[PDB]
Structure formats: C-alpha cells, structure tokens
Amino acid sequence: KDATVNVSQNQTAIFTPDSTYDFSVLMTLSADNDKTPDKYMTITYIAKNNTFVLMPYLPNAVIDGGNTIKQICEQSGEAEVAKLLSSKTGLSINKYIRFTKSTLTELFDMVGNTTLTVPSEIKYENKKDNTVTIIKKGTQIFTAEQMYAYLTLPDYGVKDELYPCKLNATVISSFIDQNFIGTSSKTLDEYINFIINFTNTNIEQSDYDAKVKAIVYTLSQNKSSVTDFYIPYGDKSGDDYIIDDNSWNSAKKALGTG
C-alpha cells in the first residue's frame, strides 16, 4: 500500500549532471594489434563528485581465484575482464579501449604534453634489445614518445610490485588534469573521433553523445584536479599477484559502490 508521490524535473533549470551520467571504461595497452595487452586500467566517472577515478591492475593480477587478467584478456577479450571487474567492484563496465604503442602515443601527441616530476634519475638497461633508456630527475615537459617510454618501462629500479601501477595512475591523472580541464566539446569531438576510428574499442558515437554534456560540465569547473585513483593491492603467489579480498572493499569506498 505504498504512496505514489512523483516530482517532475525543473526542465528550464541550469544543467547539473546526476548519477545517470556515471560511467566506467576499461582501458588496456598492447605493444601492437597482434599482442595481448600488458597494462590494465579502469576509468570511472562519478558525475556527483565531478571526478574520474582510475584503477590500475597488474597483468598477472588474479581477481577471481582463476587465471590472470592478461590470460583472461587473451582467451576471452576485454569484455570478460570488464565483466569480472564489474562483479568484484559493483561497477557497470561494458565499454573498453585497447590501445597500441602507436594509438596511445598518437592520443598523447594529439591532446598535449604533460609536466611530471621524476623523483630520481632512471637509466634502464633493456636486455631484450641492448638499449639504455635515460629519464632524468626533475619537473619536466614530456612529449608523446617520452611520455609513452616513461609509462611502459619494464623496470623502475623499485622493489614495489605495484610501482608501475602507481606511476601509470599518477602520470595518467596528470595528463587528464593538465590537458582536459577547460577543454570544449569541439576539442573533445576530435579526441573521440580518433578513439572510435583508430583504436580497438566497442565505444560507439551514441555512448559519447549521451555523456559529453556531463564530461564538458565536469572539466569546465574551477578545479585544479578532476582525477583520483585507487591501487588494488594483494600478494605474490608464484608468478601471480592474487588481489586481496579486503582491497575490493577499499575500492568500493573509493567509487561509492559498496
């Protein structure tokens, strides 16, 4: 015998995005179109908080008691990875973008440079191709190719198994804050035109058109930052990284899903 009491929308009112504008996208990176992605990161837009939450995962991360994220992505694609991540986080992840070295570098080159503080000098000796990668210490302006090489180093000279995730979360947060805050729908239309036409994605034009109003709203706010990140933690088990069950609860709090 519950009461039927409905209040219609103000209609003429100034636009303020509600929870219907919230979305998640699984983003992955491969060396090229033949190889399995090595990097995995979700991006969750929380319209109420005008923020984008990033969650990176190690390729050898075990999130179901079975195979690694990478193994699952090889066998069943990003859709399966996004499904397993949806069940564990309370998120509704259906869309994904699989970048390659080429398409991710082109995205960065198109959007703009990022200024990052390198905590200590890196001189990485790559034993696959016999090359040395030199990243100097300090606050510096990173171009597309410099940005890509920094983000994808196989070793940062740190014991921390989560450090490549922490670096990727931070560097991508900086990239979004420095180049997307204050952007127009016209500019964002160039970015999405590139995503839809040259990346491996299931994002359609209708998906972007239903969300761009909230995206432009959030980025047009007087904020120094529109990003946040949570790092899913766990433990080493052979060559696997078993995600701790207590991390999913901290992840739920960071997204406001549980």
# chains A, B, ... in the order shown; residues from 1 in each chain; ligands from 1
>>> residues_around(residues="residue 138 of chain A", least_positions_apart="6", cutoff="10 Å", atoms="only C-alpha atoms", output="list in words")
residues 115, 116, 117, 118, 119, 120 and 121 of chain A
>>> residues_around(residues="residue 87 of chain A", least_positions_apart="4", cutoff="12 Å", atoms="only C-alpha atoms", output="list in words")
residues 63, 64, 80, 81, 82, 83, 91, 92, 93, 94, 248, 252, 257 and 258 of chain A
>>> write_last_selection(atoms="N, CA, C and O atoms", output="compact mmCIF listing (two decimals), in the first residue's frame")
# COMPACT_ATOMS: atom_id res chain seq x y z
N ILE A 63 42.00 -11.98 -9.95
CA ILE A 63 40.85 -11.30 -9.33
C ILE A 63 39.64 -12.23 -9.12
O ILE A 63 38.59 -11.75 -8.68
N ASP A 64 39.76 -13.54 -9.43
CA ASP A 64 38.64 -14.48 -9.34
C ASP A 64 39.02 -15.85 -8.73
O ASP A 64 38.15 -16.69 -8.50
N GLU A 80 35.33 -9.81 -21.12
CA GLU A 80 35.36 -10.74 -20.00
C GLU A 80 36.09 -10.11 -18.79
O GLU A 80 35.59 -10.19 -17.67
N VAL A 81 37.24 -9.47 -19.03
CA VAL A 81 37.98 -8.77 -17.98
C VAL A 81 37.05 -7.76 -17.28
O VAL A 81 36.97 -7.77 -16.05
N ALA A 82 36.33 -6.91 -18.09
CA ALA A 82 35.40 -5.88 -17.62
C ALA A 82 34.23 -6.47 -16.83
O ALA A 82 33.76 -5.83 -15.89
N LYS A 83 33.76 -7.69 -17.21
CA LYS A 83 32.67 -8.44 -16.55
C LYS A 83 33.12 -8.90 -15.16
O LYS A 83 32.40 -8.68 -14.18
N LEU A 91 30.76 -1.96 -10.06
CA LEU A 91 30.72 -1.10 -11.23
C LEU A 91 29.98 -1.79 -12.35
O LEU A 91 29.85 -3.01 -12.33
N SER A 92 29.54 -1.00 -13.35
CA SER A 92 28.86 -1.46 -14.55
C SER A 92 29.77 -1.15 -15.76
O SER A 92 29.55 -0.17 -16.47
N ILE A 93 30.84 -1.96 -15.95
CA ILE A 93 31.86 -1.79 -17.02
C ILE A 93 31.53 -2.65 -18.23
O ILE A 93 31.62 -3.87 -18.15
N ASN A 94 31.15 -2.03 -19.34
CA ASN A 94 30.80 -2.72 -20.58
C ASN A 94 31.71 -2.27 -21.72
O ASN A 94 31.97 -3.03 -22.66
N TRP A 248 39.01 -4.97 -2.47
CA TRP A 248 37.72 -4.75 -3.14
C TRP A 248 36.80 -3.86 -2.32
O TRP A 248 36.04 -3.10 -2.91
N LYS A 252 35.56 -0.22 -3.38
CA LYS A 252 34.13 0.11 -3.36
C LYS A 252 33.89 1.46 -2.70
O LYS A 252 33.11 2.24 -3.22
N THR A 257 30.35 2.45 -4.32
CA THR A 257 29.54 1.33 -4.83
C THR A 257 29.24 0.28 -3.73
O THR A 257 28.33 -0.54 -3.93
N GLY A 258 29.97 0.32 -2.62
CA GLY A 258 29.78 -0.62 -1.50
C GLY A 258 30.53 -0.25 -0.21
O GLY A 258 30.99 0.91 -0.07
>>> closest_residue(among="A:101, A:95, A:186, A:159", to="residue 144 of chain A", atoms="only C-alpha atoms")
A:101
>>> select_by_dssp(residues="segment 65-229 of chain A", states="strand (DSSP E or B)", output="number ranges by chain")
A: 68, 95-99, 114-118, 122-126, 131-135, 138-142, 200-201, 227-229
>>> residues_around(residues="residue 231 of chain A", least_positions_apart="2", cutoff="9 Å", atoms="only C-alpha atoms", output="PyMOL selection string")
chain A and resi 54-57+162+165-166+169+229+233+247+251
>>> closest_residue(among="A:49, A:141, A:200, A:36", to="residue 223 of chain A", atoms="only C-alpha atoms")
A:49
